[PDB]
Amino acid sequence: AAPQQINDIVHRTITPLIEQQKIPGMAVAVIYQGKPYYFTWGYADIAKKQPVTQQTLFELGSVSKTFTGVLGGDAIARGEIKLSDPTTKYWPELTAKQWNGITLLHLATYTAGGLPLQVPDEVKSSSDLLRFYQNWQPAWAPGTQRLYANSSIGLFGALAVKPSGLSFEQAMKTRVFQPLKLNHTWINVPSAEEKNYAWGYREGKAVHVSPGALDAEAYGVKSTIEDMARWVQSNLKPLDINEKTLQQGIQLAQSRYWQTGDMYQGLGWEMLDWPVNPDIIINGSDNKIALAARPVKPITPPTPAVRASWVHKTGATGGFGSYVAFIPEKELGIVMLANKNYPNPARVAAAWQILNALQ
């Protein structure tokens, strides 16, 4: 069991959320004074009456970008890449003139100048990808507008692993998942684990995310509530991580590279100063704002990770909705995994109500 205050706020917050949003299955972890407390509701498979458990795998959707950002941070710490490196250093075939001046930093932080939200479904092979990026015309100069984009950070992740000689999946397993003992976190779910893979539900139909180019880097990780609680713990307290470059990569992913309004862009993670205005984070998570182009101000040098921050990331696929938020100064965090893609503001409002009650 958990402290009664945790049980109380979680039951009082999540129960009406599930009823109002018609969520079939949900798992929540609260990290309180560094320790995890787990809660499950509902079904991973409705028709087959399989309950959500602490071993159920959920599609994290864009929460995957936090792993990509940390893996990139680890590569920086290893001396393998620098964020100021030009994109063309790692992909010399990207010869089109618009790529002159676009750095890894711009890719990682969605500031390359209008790379689109999605890689087109028609783009599958590395030859298709090259044609896509060679034909793309920026709307803005690099480093002026943030436009959230799988095609931007997805390319960052693919290029950041090139010096290592490893595939993106192998780099992620060897350099992030394995050192942190994330033993049930997968880019590709093995056959033997399919029994634990929840179905997502979209308009009442059971669905799983479809393959797409750069999916692993941008939205393709599946994980359990236990592994996600450990991921939060690791990002809350990197000084407990023994592998020095991973410790440093976690810190670098919470550095503040750009500001827009009151939010700061990290590597994958986004941050605001704590205490936050809850209306700012709730309303800012609505796709009307979160997917819009917004002007950025550079932070030179990037601010080293600030402990008194609200650090967070939403994620979705067609059938799933996920949210992670944590406050390093308070040793406090939350993971919310659900097998329905329900509106971002409802996730953020519930998470803030829980964490604010426990601060």
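One rule holds for the numbers: they count along the sequence shown, beginning at 1.
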4 to 12 versus 350 to 358 - which carries the larger mean C-alpha B factor in the record:
4 to 12
Averaging the C-alpha B factors as listed in the entry, name the stretch that ends up higher: 39 to 47 or 57 to 65.
39 to 47
From 111, 287, 100, 259, residue of greatest CA B-factor
100
Have a look at 86, 154, 200, 268 and flag the one whose Cα has the highest B-factor in the entry.
86
Against its chain's modelled residues, does residue 118's Cα B factor rank lowest, middle or highest third?
lowest
In terms of its chain's C-alpha B-factors, the third that includes residue 304 is the middle
Quick one: classify residue 312 as lowest, middle or highest third of the chain based on its Cα B-factor.
lowest
Please say which third, lowest, middle or highest, residue 104 falls into when its CA temperature factor is compared across its chain.
lowest
Lowest, middle or highest third: which one holds residue 295 when the chain's residues are ordered by CA B-factor from the entry?
lowest
